[PDB]
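Colleague: First, the structure itself, so that you have it in front of you.
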Number of protein chains: 2
Amino acid sequence: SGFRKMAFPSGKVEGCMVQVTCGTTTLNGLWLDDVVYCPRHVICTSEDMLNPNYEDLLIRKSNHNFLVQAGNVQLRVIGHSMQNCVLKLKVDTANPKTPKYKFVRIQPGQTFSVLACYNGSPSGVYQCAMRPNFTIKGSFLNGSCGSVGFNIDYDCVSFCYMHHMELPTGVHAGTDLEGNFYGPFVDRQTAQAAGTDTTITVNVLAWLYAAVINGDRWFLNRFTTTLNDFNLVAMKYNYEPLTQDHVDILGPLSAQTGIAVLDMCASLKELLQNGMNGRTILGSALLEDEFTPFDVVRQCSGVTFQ
Amino acid sequence: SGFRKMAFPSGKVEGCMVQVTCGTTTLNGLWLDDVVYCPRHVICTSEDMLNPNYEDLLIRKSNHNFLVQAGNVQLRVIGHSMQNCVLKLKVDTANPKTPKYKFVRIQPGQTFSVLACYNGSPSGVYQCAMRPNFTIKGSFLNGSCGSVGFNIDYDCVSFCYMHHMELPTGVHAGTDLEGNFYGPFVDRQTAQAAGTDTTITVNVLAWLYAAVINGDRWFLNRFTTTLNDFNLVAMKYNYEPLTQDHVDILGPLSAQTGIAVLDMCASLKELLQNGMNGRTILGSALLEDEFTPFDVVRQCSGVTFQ
Ligand SMILES: *[C@](O)(C(=O)NC1CC1)[C@H](CCC)NC(=O)[C@@H]1[C@H]2CCC[C@H]2CN1C(=O)[C@@H](NC(=O)[C@@H](NC(=O)c1cnccn1)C1CCCCC1)C(C)(C)C
Ligand SMILES: *[C@](O)(C(=O)NC1CC1)[C@H](CCC)NC(=O)[C@@H]1[C@H]2CCC[C@H]2CN1C(=O)[C@@H](NC(=O)[C@@H](NC(=O)c1cnccn1)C1CCCCC1)C(C)(C)C
């Protein structure tokens with residue numbers, strides 16, 4: 001028993017991190033097969049950042065403007081192309097440590113592990129959620145660009161995030177691995193607002209089920225509610241509205257605990273309107289929204305990976 | 001910027017996990033050089049657990065009673081000895097993936113990463129603290145015994161914890177890698193109480209410094225206090241007393257922020273006596289005590305590892 005913010009084991013990813021330098025800018029790249037992926041603003045000087053023309057800037061670069069290092073091994077760049085906001089550097093050595101991988105674009109509310117890196121070396125791993133406004137509340141310093149987020153399905157690594165920038169609010173934005181930003185952001189140094197952030201309701205419910213599985217049950221009540229009536233109270237408190245798809249995805253946790261999804265919603269309704277009144281749930285005095293239903297199943301049933 | 005519960009990258013440890021079976025009991029082992037380490041109660045049947053005589057039980061076991069698997073490779077046990085509460089199985093193949101490692105015994109309040117495993121395969125990684133009463137608030141299911149906790153210093157892995165058991169309160173107990181339990185516990189199925197748990201004061205202060213570094217500063221005040229006066233208020237709230245050694249260890253964070261340790265104590269004093277009053281610190285409505293001063297420096301300065 002117990003419940004922790006658990007990351008995926010990071011071994012398969014650690015062997016793919018490289019250091020990429022262009023000019024005076026050093027950041028991290030992702031090295032899979034004979035391609036190194038990295039944020040395209042590696043080619044920019046500080047003065048280009050206000051209004052970059054990346055096509056023109058890339059045309060002025062030659063293959064030997066890029067230094068790519070895998071620890072001690074110096075990779076040689078054979079080609080370079082741009083896909084949306086990511087740069088693809090073709091290299092002369094394929095990565096022997098290339099895992100079975102795919103590139104996926106996640107949806108708001110889903111979670112992933114971040115391997116934070118500096119100079120191509122790993123600093124740490126942590127779990128986060130893609131917020132509804134397409135930012136992430138990460139932990140990143142100067143030099144972390146090109147660090148990646150990922151999930152693991154048995155022996156497959158799904159890459160879903162590459163880090164590009166920090167907003168003045170302290171939150172973080174980046175792209176998928178085809179180079180498309182999550183959210184409305186562009187890689188220029190201009191003021192760009194993120195939407196209103198909302199609380200991920202299906203995840204709060206998942207975490208309440210985790211609490212029941214762990215014996216923390218004081219908040220359960222006799223009442224019941226309809227999906228529409230719940231959503232009316234939720235939207236007042238800046239919670240995402242719950243859909244029938246969400247109810248279905250919570251099915252497995254409902255089955256294991258014997259508590260109907262709409263009964264759990266009736267408990268959440270009371271928590272929102274009355275507060276927690278000095279009690280805690282799973283050691284927290286706030287409602288937690290960064291575990292998916294699948295996270296809870298995985299951690300409460302001990303799924304493993306190759 | 002940002003602040004997360006960050007674990008160490010787990011790659012170097014993943015390649016050391018094996019599956020150990022004896023009788024109908026399968027759990028995890030740690031495979032370093034030609035030795036596999038595992039909890040000695042692998043040799044017990046359910047009926048032995050009430051009052052085991054481990055010396056006599058081990059004498060009745062032969063080398064071929066132990067099945068050790070590294071994925072597909074079947075290791076052959078050449079010898080077996082007991083060191084306190086850990087079993088050492090000598091094997092015929094040395095581990096090529098053996099990192100540079102040492103065995104250390106940590107002190108209460110220090111933190112480490114846990115690689116939770118089932119059947120020799122990794123499930124997840126998370127950060128925790130050794131509590132003052134020598135338990136840990138982990139996340140472990142049946143089958144997790146033999147999972148290990150560790151820190152990383154550049155290229156060295158320091159192993160500090162092997163998981164053995166769960167207490168009825170939902171918290172966890174285990175040994176160092178020389179087989180000695182943390183805390184007063186013995187590996188028998190009898191009622192055994194853990195001491196009173198207290199809050200790790202030096203870690204709360206470290207986390208308040210992390211909050212200042214991240215711009216969360218509302219709780220700072222003009223007041224000041226002496227170490228003795230602080231400790232009088234702390235002990236009333238079940239906080240560990242703060243020592244001069246703790247003040248020294250906070251030195252680096254004091255230097256970087258320009259806030260004297262005793263001034264931060266004066267802020268903590270007010271938080272304890274007046275509460276937080278609906279505000280949060282680093283997104284928490286509780287005072288967090290599972291980051292050491294070194295954790296904060298590492299995460300706020302981006303230390304990396306080989
Ligand atoms: C990353 O490339 C890295 O690790 N580089 C290694 C050190 C050399 C680096 C991470 C720094 C924390 N990322 C960046 O440098 C990005 C690139 C991509 C987009 C433009 C530049 C700058 N940058 C940032 O992350 C900056 N953030 C901003 O500039 C915000 N700007 C404003 O909020 C703003 C801008 N102008 C006027 C008023 N306000 C972002 C920019 C993009 C849209 C959201 C807001 C810094 C300041 C470096 C964090
Ligand atoms: C671990 O060996 C494993 O993963 N084995 C693979 C599945 C086959 C296993 C982890 C189970 C969650 N650990 C144990 O089985 C240990 C061993 C070591 C000590 C004795 C047995 C049982 N055990 C436990 O973790 C149990 N916990 C207890 O028995 C507590 N007992 C009581 O609180 C108690 C006992 N008698 C009367 C009244 N109360 C512990 C025992 C040790 C001291 C602290 C309290 C279970 C029930 C399996 C969690």
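Scheme for the structure tokens: letters A, B, ... for chains in order shown; per-chain residue numbers from 1; ligand numbers from 1 in order shown.
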Enumerate as a VMD selection string the residues within 10 Å of ligand 2, counting only C-alpha atoms and all ligand atoms.

Modeller: (chain A and resid 1) or (chain B and resid 20 to 22 24 to 28 38 to 46 48 to 52 85 117 to 119 140 to 147 163 to 174 184 to 194)

Colleague: Please return, as a count of residues only, all residues of region 110-291 of chain B that DSSP assigns to helix (DSSP H, G or I) on the basis of the backbone.

Modeller: 50

Colleague: Check region 153-275 of chain A with DSSP on the backbone and list each residue it calls strand (DSSP E), as an mmCIF file with N, CA and C atoms, in the first residue's frame.

Modeller:
```
data_model
loop_
_atom_site.group_PDB
_atom_site.id
_atom_site.type_symbol
_atom_site.label_atom_id
_atom_site.label_comp_id
_atom_site.auth_asym_id
_atom_site.auth_seq_id
_atom_site.Cartn_x
_atom_site.Cartn_y
_atom_site.Cartn_z
ATOM 1 N N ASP A 153 5.442 1.606 -22.358
ATOM 2 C CA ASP A 153 4.474 0.516 -22.468
ATOM 3 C C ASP A 153 5.260 -0.784 -22.635
ATOM 4 N N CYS A 156 8.273 -0.576 -24.961
ATOM 5 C CA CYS A 156 8.220 0.564 -25.916
ATOM 6 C C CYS A 156 8.313 1.898 -25.167
ATOM 7 N N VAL A 157 9.059 2.795 -25.617
ATOM 8 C CA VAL A 157 9.121 4.168 -25.125
ATOM 9 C C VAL A 157 8.346 5.066 -26.082
ATOM 10 N N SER A 158 7.299 5.721 -25.581
ATOM 11 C CA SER A 158 6.563 6.728 -26.340
ATOM 12 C C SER A 158 7.075 8.105 -25.928
ATOM 13 N N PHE A 159 7.770 8.789 -26.836
ATOM 14 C CA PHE A 159 8.211 10.158 -26.585
ATOM 15 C C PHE A 159 7.089 11.143 -26.899
ATOM 16 N N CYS A 160 6.809 12.054 -25.962
ATOM 17 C CA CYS A 160 5.683 12.952 -26.156
ATOM 18 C C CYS A 160 5.986 14.434 -25.944
ATOM 19 N N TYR A 161 7.191 14.802 -25.523
ATOM 20 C CA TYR A 161 7.441 16.188 -25.124
ATOM 21 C C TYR A 161 8.917 16.487 -25.273
ATOM 22 N N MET A 162 9.240 17.649 -25.852
ATOM 23 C CA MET A 162 10.593 18.190 -25.787
ATOM 24 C C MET A 162 10.520 19.620 -25.252
ATOM 25 N N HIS A 163 11.401 19.944 -24.311
ATOM 26 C CA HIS A 163 11.317 21.224 -23.613
ATOM 27 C C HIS A 163 11.914 22.349 -24.459
ATOM 28 N N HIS A 164 11.192 23.493 -24.566
ATOM 29 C CA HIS A 164 11.688 24.658 -25.299
ATOM 30 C C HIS A 164 11.789 25.945 -24.474
ATOM 31 N N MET A 165 10.874 26.236 -23.534
ATOM 32 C CA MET A 165 10.920 27.586 -22.975
ATOM 33 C C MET A 165 10.185 27.681 -21.646
ATOM 34 N N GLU A 166 10.470 28.755 -20.925
ATOM 35 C CA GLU A 166 9.801 29.050 -19.669
ATOM 36 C C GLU A 166 9.015 30.356 -19.800
ATOM 37 N N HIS A 172 6.059 25.988 -18.084
ATOM 38 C CA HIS A 172 6.962 25.557 -19.151
ATOM 39 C C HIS A 172 6.169 25.128 -20.371
ATOM 40 N N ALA A 173 6.770 25.294 -21.548
ATOM 41 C CA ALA A 173 6.101 24.970 -22.790
ATOM 42 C C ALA A 173 7.083 24.292 -23.723
ATOM 43 N N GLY A 174 6.548 23.463 -24.605
ATOM 44 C CA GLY A 174 7.396 22.738 -25.523
ATOM 45 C C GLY A 174 6.568 22.091 -26.614
ATOM 46 N N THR A 175 7.208 21.178 -27.335
ATOM 47 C CA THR A 175 6.628 20.600 -28.539
ATOM 48 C C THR A 175 6.476 19.095 -28.360
#
```

Colleague: Per residue of chain B within 8 Å of chain A, which atom pair is closest and at what distance in Å (one decimal), using only C-alpha atoms, listed by chain and increasing number, as CSV?

Modeller:
```
residue,atom,partner,partner_atom,distance
B:1,CA,A:140,CA,5.6
B:2,CA,A:139,CA,4.3
B:3,CA,A:139,CA,5.2
B:4,CA,A:139,CA,6.0
B:5,CA,A:126,CA,6.6
B:6,CA,A:126,CA,5.0
B:7,CA,A:125,CA,5.2
B:8,CA,A:124,CA,4.8
B:9,CA,A:124,CA,5.3
B:10,CA,A:10,CA,5.9
B:11,CA,A:11,CA,3.7
B:12,CA,A:11,CA,7.3
B:14,CA,A:11,CA,6.9
B:115,CA,A:9,CA,7.7
B:117,CA,A:304,CA,7.4
B:118,CA,A:304,CA,6.8
B:121,CA,A:304,CA,6.0
B:122,CA,A:304,CA,5.8
B:123,CA,A:304,CA,4.4
B:124,CA,A:8,CA,4.8
B:125,CA,A:7,CA,5.2
B:126,CA,A:6,CA,5.0
B:137,CA,A:2,CA,6.9
B:138,CA,A:2,CA,5.8
B:139,CA,A:2,CA,4.3
B:140,CA,A:1,CA,5.6
B:141,CA,A:1,CA,5.8
B:170,CA,A:1,CA,5.9
B:171,CA,A:2,CA,7.2
B:284,CA,A:286,CA,7.4
B:285,CA,A:285,CA,6.0
B:286,CA,A:285,CA,6.8
B:299,CA,A:139,CA,8.0
B:300,CA,A:141,CA,7.6
B:301,CA,A:141,CA,7.7
B:302,CA,A:123,CA,6.6
B:303,CA,A:123,CA,6.1
B:304,CA,A:123,CA,4.4
B:305,CA,A:122,CA,6.2
B:306,CA,A:121,CA,6.9
```

Colleague: Which is closer to residue 182 (chain A) than all the others in A:96, A:108, A:251, A:23, using only C-alpha atoms?

Modeller: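 For residue 182 (chain A), the nearest of the candidates is A:108.
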
Colleague: Can you pull out every residue within 7 Å of residue 95 (chain A), counting only C-alpha atoms, but drop anything in the same chain fewer than 6 positions away, and send it as a short mmCIF file (atom, residue, chain, number, x, y, z; two decimals) with N, CA, C and O atoms, in the first residue's frame?

Modeller:
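Final output, saved to selection_14.cif:
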```cif
data_model
loop_
_atom_site.label_atom_id
_atom_site.label_comp_id
_atom_site.auth_asym_id
_atom_site.auth_seq_id
_atom_site.Cartn_x
_atom_site.Cartn_y
_atom_site.Cartn_z
N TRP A 31 18.77 11.27 -29.48
CA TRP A 31 19.55 10.53 -30.48
C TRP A 31 18.93 9.15 -30.66
O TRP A 31 19.13 8.26 -29.82
N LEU A 32 18.17 8.99 -31.74
CA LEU A 32 17.46 7.75 -32.08
C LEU A 32 17.80 7.35 -33.52
O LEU A 32 17.53 8.12 -34.46
N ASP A 33 18.33 6.14 -33.69
CA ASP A 33 18.83 5.66 -34.99
C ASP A 33 19.97 6.60 -35.37
O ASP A 33 20.87 6.84 -34.55
N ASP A 34 19.99 7.16 -36.59
CA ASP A 34 21.03 8.09 -37.01
C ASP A 34 20.54 9.54 -37.07
O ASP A 34 21.10 10.36 -37.80
#
```

Colleague: Can you give me chain B superposed onto chain A, least-squares on all Cα in order, written as a short mmCIF file (atom, residue, chain, number, x, y, z; two decimals) with C-alpha atoms, in the first residue's frame?

Modeller:
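New file out_8.cif:
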```
data_model
loop_
_atom_site.label_atom_id
_atom_site.label_comp_id
_atom_site.auth_asym_id
_atom_site.auth_seq_id
_atom_site.Cartn_x
_atom_site.Cartn_y
_atom_site.Cartn_z
CA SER B 1 0.00 0.00 0.00
CA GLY B 2 0.97 3.68 -0.13
CA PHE B 3 0.72 6.21 -2.95
CA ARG B 4 3.54 8.31 -4.45
CA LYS B 5 4.17 10.49 -7.50
CA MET B 6 5.95 7.71 -9.41
CA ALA B 7 7.98 8.21 -12.59
CA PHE B 8 8.78 5.62 -15.21
CA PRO B 9 12.19 3.96 -15.00
CA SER B 10 14.42 6.13 -17.17
CA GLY B 11 17.16 3.72 -18.25
CA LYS B 12 16.00 3.32 -21.86
CA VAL B 13 15.98 7.12 -22.32
CA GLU B 14 19.28 7.98 -20.61
CA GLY B 15 21.30 6.32 -23.38
CA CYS B 16 19.63 8.53 -26.01
CA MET B 17 20.63 11.93 -24.60
CA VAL B 18 23.36 13.88 -26.40
CA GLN B 19 24.81 17.38 -26.22
CA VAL B 20 24.23 19.71 -29.20
CA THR B 21 26.20 22.91 -29.74
CA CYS B 22 25.77 25.55 -32.42
CA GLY B 23 27.71 28.76 -31.96
CA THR B 24 27.76 29.60 -28.27
CA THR B 25 24.49 27.75 -27.52
CA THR B 26 24.70 24.29 -25.95
CA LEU B 27 21.55 22.29 -25.21
CA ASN B 28 20.36 18.67 -25.26
CA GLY B 29 19.36 16.44 -28.14
CA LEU B 30 17.50 13.14 -28.57
CA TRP B 31 19.55 10.53 -30.48
CA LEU B 32 17.46 7.75 -32.08
CA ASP B 33 18.83 5.66 -34.99
CA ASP B 34 21.03 8.09 -37.01
CA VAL B 35 18.96 11.23 -36.24
CA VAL B 36 19.49 13.75 -33.42
CA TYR B 37 16.40 15.84 -32.58
CA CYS B 38 16.70 19.19 -30.81
CA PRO B 39 14.92 22.55 -30.48
CA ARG B 40 15.44 24.62 -33.60
CA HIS B 41 16.27 27.81 -31.65
CA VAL B 42 19.75 26.34 -31.08
CA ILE B 43 20.63 28.23 -34.28
CA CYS B 44 19.61 31.64 -32.92
CA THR B 45 21.69 34.30 -31.32
CA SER B 46 20.16 36.38 -28.55
CA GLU B 47 19.42 39.15 -31.05
CA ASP B 48 17.65 36.79 -33.50
CA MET B 49 15.18 35.69 -30.80
CA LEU B 50 12.90 38.74 -31.05
CA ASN B 51 11.81 37.98 -34.62
CA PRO B 52 13.63 34.97 -36.09
CA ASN B 53 13.33 33.88 -39.71
CA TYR B 54 14.30 30.26 -39.11
CA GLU B 55 14.28 29.23 -42.78
CA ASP B 56 16.80 31.96 -43.65
CA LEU B 57 18.85 31.30 -40.52
CA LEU B 58 19.10 27.57 -41.19
CA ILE B 59 20.16 28.20 -44.83
CA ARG B 60 23.17 30.13 -43.50
CA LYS B 61 24.27 27.08 -41.43
CA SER B 62 26.57 24.30 -42.64
CA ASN B 63 26.77 20.76 -41.24
CA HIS B 64 30.01 21.60 -39.42
CA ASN B 65 28.38 24.45 -37.50
CA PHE B 66 26.79 21.69 -35.35
CA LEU B 67 28.86 19.94 -32.67
CA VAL B 68 27.11 16.79 -31.39
CA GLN B 69 28.68 14.87 -28.50
CA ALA B 70 27.61 11.55 -26.97
CA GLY B 71 29.72 11.71 -23.84
CA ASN B 72 33.15 11.41 -25.47
CA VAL B 73 32.13 10.19 -28.93
CA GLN B 74 31.96 13.09 -31.39
CA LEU B 75 29.16 12.47 -33.85
CA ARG B 76 29.55 14.00 -37.29
CA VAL B 77 26.53 15.74 -38.78
CA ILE B 78 25.90 14.57 -42.36
CA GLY B 79 22.68 16.50 -42.94
CA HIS B 80 20.27 18.92 -41.32
CA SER B 81 16.60 19.63 -41.89
CA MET B 82 13.84 21.37 -40.01
CA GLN B 83 10.47 19.90 -39.09
CA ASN B 84 8.23 22.58 -37.63
CA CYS B 85 10.05 23.69 -34.46
CA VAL B 86 12.51 20.78 -34.16
CA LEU B 87 15.82 20.42 -35.99
CA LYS B 88 16.76 16.96 -37.32
CA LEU B 89 20.51 16.36 -37.56
CA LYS B 90 21.48 13.25 -39.52
CA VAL B 91 24.69 11.69 -38.15
CA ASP B 92 27.28 9.12 -39.21
CA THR B 93 26.78 6.69 -36.28
CA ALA B 94 23.43 5.07 -35.52
CA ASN B 95 22.55 4.79 -31.83
CA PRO B 96 23.09 1.16 -30.73
CA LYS B 97 21.04 1.92 -27.60
CA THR B 98 17.95 2.96 -29.62
CA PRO B 99 14.94 1.43 -27.84
CA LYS B 100 11.69 0.41 -29.43
CA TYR B 101 9.99 3.79 -29.62
CA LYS B 102 7.22 5.81 -31.13
CA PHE B 103 6.31 9.51 -31.21
CA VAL B 104 2.91 10.38 -29.73
CA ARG B 105 1.08 13.61 -29.04
CA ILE B 106 -0.65 13.52 -25.70
CA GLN B 107 -3.90 15.27 -24.71
CA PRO B 108 -4.38 17.73 -21.83
CA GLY B 109 -4.70 15.93 -18.52
CA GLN B 110 -2.44 13.04 -19.45
CA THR B 111 0.78 12.51 -17.49
CA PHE B 112 4.35 11.65 -18.42
CA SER B 113 7.85 11.40 -17.02
CA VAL B 114 10.44 14.10 -17.67
CA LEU B 115 14.14 13.29 -17.74
CA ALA B 116 15.75 16.63 -16.95
CA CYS B 117 19.19 16.92 -18.56
CA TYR B 118 22.04 19.43 -18.75
CA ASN B 119 24.87 19.09 -21.32
CA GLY B 120 23.50 15.75 -22.44
CA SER B 121 23.68 14.30 -18.93
CA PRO B 122 20.70 13.32 -16.74
CA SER B 123 19.98 15.36 -13.64
CA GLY B 124 16.71 13.77 -12.43
CA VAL B 125 13.33 12.28 -13.32
CA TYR B 126 9.86 13.41 -12.27
CA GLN B 127 6.22 12.98 -13.19
CA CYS B 128 3.95 15.80 -14.41
CA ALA B 129 0.70 16.41 -16.28
CA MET B 130 -0.02 18.37 -19.44
CA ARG B 131 -2.25 21.12 -18.06
CA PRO B 132 -5.54 22.02 -19.75
CA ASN B 133 -3.92 25.26 -20.98
CA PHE B 134 -1.12 23.19 -22.62
CA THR B 135 1.66 24.25 -20.20
CA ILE B 136 3.44 21.97 -17.75
CA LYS B 137 4.51 22.78 -14.21
CA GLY B 138 8.03 21.45 -14.58
CA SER B 139 11.41 21.94 -12.93
CA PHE B 140 13.90 23.23 -15.48
CA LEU B 141 16.91 25.54 -15.48
CA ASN B 142 18.94 27.27 -18.14
CA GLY B 143 20.47 24.52 -20.27
CA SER B 144 17.58 22.07 -19.94
CA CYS B 145 16.16 22.69 -23.45
CA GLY B 146 15.84 19.49 -25.42
CA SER B 147 15.09 17.37 -22.34
CA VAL B 148 12.23 15.01 -23.13
CA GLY B 149 9.07 13.60 -21.65
CA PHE B 150 8.01 10.02 -22.21
CA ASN B 151 5.83 7.11 -21.22
CA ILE B 152 6.71 3.37 -21.29
CA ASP B 153 4.47 0.52 -22.47
CA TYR B 154 6.27 -2.71 -21.49
CA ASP B 155 9.32 -2.43 -23.78
CA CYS B 156 8.22 0.56 -25.92
CA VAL B 157 9.12 4.17 -25.13
CA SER B 158 6.56 6.73 -26.34
CA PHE B 159 8.21 10.16 -26.59
CA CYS B 160 5.68 12.95 -26.16
CA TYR B 161 7.44 16.19 -25.12
CA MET B 162 10.59 18.19 -25.79
CA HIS B 163 11.32 21.22 -23.61
CA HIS B 164 11.69 24.66 -25.30
CA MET B 165 10.92 27.59 -22.97
CA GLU B 166 9.80 29.05 -19.67
CA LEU B 167 6.89 31.50 -19.24
CA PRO B 168 7.26 34.39 -16.73
CA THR B 169 4.73 32.66 -14.49
CA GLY B 170 7.24 29.84 -13.84
CA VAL B 171 5.54 27.23 -16.05
CA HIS B 172 6.96 25.56 -19.15
CA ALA B 173 6.10 24.97 -22.79
CA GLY B 174 7.40 22.74 -25.52
CA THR B 175 6.63 20.60 -28.54
CA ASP B 176 5.86 17.05 -29.49
CA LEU B 177 8.60 15.20 -31.38
CA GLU B 178 7.25 16.19 -34.76
CA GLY B 179 7.99 19.77 -33.73
CA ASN B 180 4.49 21.09 -33.12
CA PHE B 181 3.98 23.18 -30.00
CA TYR B 182 1.52 22.18 -27.38
CA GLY B 183 -0.70 25.21 -27.01
CA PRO B 184 -0.75 28.49 -28.93
CA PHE B 185 2.92 29.34 -28.45
CA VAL B 186 5.59 30.22 -31.03
CA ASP B 187 9.36 30.14 -30.45
CA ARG B 188 9.95 33.91 -30.40
CA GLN B 189 10.74 36.15 -27.45
CA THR B 190 7.42 37.99 -27.32
CA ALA B 191 4.74 38.19 -24.65
CA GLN B 192 2.41 35.22 -25.18
CA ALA B 193 -0.36 34.38 -22.73
CA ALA B 194 -1.42 30.91 -21.71
CA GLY B 195 -5.12 30.26 -21.31
CA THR B 196 -6.89 29.99 -17.99
CA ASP B 197 -5.74 26.81 -16.24
CA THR B 198 -8.49 24.53 -14.92
CA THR B 199 -8.48 21.55 -12.58
CA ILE B 200 -8.45 18.13 -14.29
CA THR B 201 -11.64 16.58 -12.87
CA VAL B 202 -11.23 13.00 -14.12
CA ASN B 203 -7.79 12.89 -12.43
CA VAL B 204 -9.14 14.18 -9.11
CA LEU B 205 -11.69 11.37 -9.18
CA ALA B 206 -8.95 8.84 -10.00
CA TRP B 207 -7.01 10.04 -6.96
CA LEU B 208 -10.07 9.76 -4.71
CA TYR B 209 -10.34 6.12 -5.83
CA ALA B 210 -6.64 5.67 -4.97
CA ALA B 211 -7.42 7.05 -1.53
CA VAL B 212 -10.26 4.55 -1.02
CA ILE B 213 -7.98 1.69 -2.14
CA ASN B 214 -5.54 2.89 0.53
CA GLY B 215 -8.18 2.98 3.27
CA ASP B 216 -8.77 6.77 3.35
CA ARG B 217 -12.56 6.83 3.16
CA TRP B 218 -13.93 9.61 5.39
CA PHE B 219 -15.18 11.66 2.43
CA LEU B 220 -17.57 9.02 1.06
CA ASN B 221 -21.24 9.89 1.52
CA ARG B 222 -24.68 8.40 0.84
CA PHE B 223 -25.73 11.00 -1.69
CA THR B 224 -25.85 10.68 -5.44
CA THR B 225 -25.85 13.04 -8.40
CA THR B 226 -26.28 13.26 -12.13
CA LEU B 227 -23.46 14.13 -14.52
CA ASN B 228 -25.17 17.41 -15.48
CA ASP B 229 -25.77 18.45 -11.85
CA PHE B 230 -22.16 17.67 -10.98
CA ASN B 231 -20.82 19.71 -13.91
CA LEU B 232 -22.83 22.75 -12.79
CA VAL B 233 -20.97 22.77 -9.46
CA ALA B 234 -17.65 21.86 -11.09
CA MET B 235 -17.65 24.74 -13.57
CA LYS B 236 -18.22 27.20 -10.71
CA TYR B 237 -14.94 26.00 -9.14
CA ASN B 238 -12.90 26.05 -12.39
CA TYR B 239 -12.98 22.27 -12.83
CA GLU B 240 -13.02 20.69 -16.29
CA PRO B 241 -16.51 19.35 -17.11
CA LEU B 242 -16.76 15.57 -16.89
CA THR B 243 -17.85 13.61 -19.96
CA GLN B 244 -19.22 10.14 -20.53
CA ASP B 245 -15.81 9.19 -21.94
CA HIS B 246 -14.33 10.09 -18.53
CA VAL B 247 -16.92 7.95 -16.73
CA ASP B 248 -15.98 4.99 -18.97
CA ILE B 249 -12.23 5.41 -18.33
CA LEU B 250 -12.91 5.33 -14.58
CA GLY B 251 -14.76 2.03 -15.04
CA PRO B 252 -11.91 -0.22 -13.85
CA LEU B 253 -11.49 1.72 -10.58
CA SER B 254 -15.25 1.71 -10.05
CA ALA B 255 -15.30 -2.07 -10.54
CA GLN B 256 -12.41 -2.75 -8.13
CA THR B 257 -13.76 -0.59 -5.28
CA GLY B 258 -17.47 -1.15 -5.80
CA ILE B 259 -18.13 2.61 -5.81
CA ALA B 260 -20.08 3.95 -8.77
CA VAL B 261 -18.47 6.87 -10.61
CA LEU B 262 -21.51 9.09 -9.99
CA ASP B 263 -21.34 8.29 -6.27
CA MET B 264 -17.71 9.40 -6.21
CA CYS B 265 -18.81 12.57 -8.03
CA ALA B 266 -21.32 13.18 -5.23
CA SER B 267 -18.44 13.00 -2.73
CA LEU B 268 -16.32 15.40 -4.80
CA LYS B 269 -19.31 17.76 -4.99
CA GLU B 270 -19.39 18.01 -1.18
CA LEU B 271 -15.63 18.48 -0.91
CA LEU B 272 -15.82 21.44 -3.28
CA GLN B 273 -18.73 23.15 -1.55
CA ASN B 274 -17.68 22.48 2.05
CA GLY B 275 -13.87 22.22 1.82
CA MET B 276 -11.77 19.62 3.57
CA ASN B 277 -12.01 21.16 7.09
CA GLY B 278 -8.50 20.42 8.31
CA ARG B 279 -8.50 16.81 7.14
CA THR B 280 -6.20 15.36 4.51
CA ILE B 281 -6.53 12.80 1.73
CA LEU B 282 -3.46 10.64 1.04
CA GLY B 283 -1.40 13.12 3.04
CA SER B 284 -2.54 16.16 1.05
CA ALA B 285 -4.67 19.13 2.09
CA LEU B 286 -5.41 19.93 -1.58
CA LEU B 287 -7.27 17.95 -4.24
CA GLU B 288 -4.61 16.38 -6.47
CA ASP B 289 -5.14 16.31 -10.26
CA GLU B 290 -1.87 14.95 -11.67
CA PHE B 291 -2.70 11.18 -11.58
CA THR B 292 -4.67 9.67 -14.47
CA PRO B 293 -6.95 6.68 -13.94
CA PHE B 294 -4.26 4.59 -15.64
CA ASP B 295 -1.58 5.90 -13.25
CA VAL B 296 -3.70 4.72 -10.33
CA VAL B 297 -4.30 1.27 -11.80
CA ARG B 298 -0.62 0.91 -12.69
CA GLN B 299 0.57 1.88 -9.23
CA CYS B 300 -2.13 0.00 -7.29
CA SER B 301 -1.69 -3.23 -9.36
CA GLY B 302 2.11 -3.19 -9.92
CA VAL B 303 2.43 -3.18 -13.72
CA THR B 304 6.05 -3.64 -14.86
CA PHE B 305 8.04 -2.97 -18.03
CA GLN B 306 10.66 -4.76 -20.13
#
```
